[PDB]
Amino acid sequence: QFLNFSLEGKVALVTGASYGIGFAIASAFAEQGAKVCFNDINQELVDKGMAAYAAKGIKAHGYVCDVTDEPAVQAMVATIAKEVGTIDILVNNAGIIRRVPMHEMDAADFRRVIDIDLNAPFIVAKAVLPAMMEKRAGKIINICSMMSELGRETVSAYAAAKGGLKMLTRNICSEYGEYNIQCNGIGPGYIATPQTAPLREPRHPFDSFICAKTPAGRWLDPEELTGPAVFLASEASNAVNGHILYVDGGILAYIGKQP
């Protein structure tokens, strides 16, 4: 039981898992025997998701829910509690990136990013904790970034959020760890998504720059995050708590490749 990475009979909710990282994590959760749920912002994105989960032989329970709407989240959770069962594994994947110079950035924009990337993980975690606290078992995996440690130009708001989510992780660990709730975090490095496929075509200055910073000397395929994700959702990581598990391929440990 100290080495069981099985998620057999565990209810899982991965927010924003219609595609991308969240999808890969939810797919792998199903593969480990978890009853998978997910949500997105509109019906179109849910239907696309449901189709892809079906396409791998997965009965995903999709929901149209805005994570910044607390009443709507509260409902979504009670619906999953009714239909599927009380949530055991929360993965706050849902989030948005915005590239705007900070001095030029609208106050409305900044707030949006914080609301979805920071406050929402609060709201969703708040909803699923009463369930977990009763049964004295739970997992809450917040998807942080490398921006939880490092800043860059334009991504000011996004970093502020992810750095805040990092502490939110540590605080949910602090407060609810006694109920045998493990709240950890996953910090993806440079992930090779379909959107970034152009940047790996013919010696590209960007791909060269990334493979320099990365000791592993490559981009990380999203599925690389699934192993870690399962691990933090498993009963093997019950002693891991308040921890940000960076899956970067060595970047945060490396000063860089220098001529």
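Residue numbers run from 1 along the displayed sequence.
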In this entry, is the chain continuous from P202 to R203, or are deposited residues missing in between (none, 1 to 3, 4 to 9, 10 or more)? 4 to 9
Identify the stretch, either 180 to 188 or 78 to 86, whose C-alpha atoms have the larger mean B-factor according to the entry. 78 to 86
Maximum C-alpha temperature factor per the entry, among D117, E134, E149, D106, belongs to which one? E134
Report the third (lowest, middle or highest) to which the CA temperature factor of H61 belongs, ranking only the modelled residues of the same chain. highest
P198: which third of its chain by C-alpha temperature factor? highest
Considering every modelled residue of the chain and its Cα B-factor in the PDB entry, is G217 in the lowest, middle or highest third? middle
Can you tell me which third, lowest, middle or highest, the CA B-factor of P228 falls into for its chain? lowest
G250 CA temperature factor, ranked by third within the chain: lowest
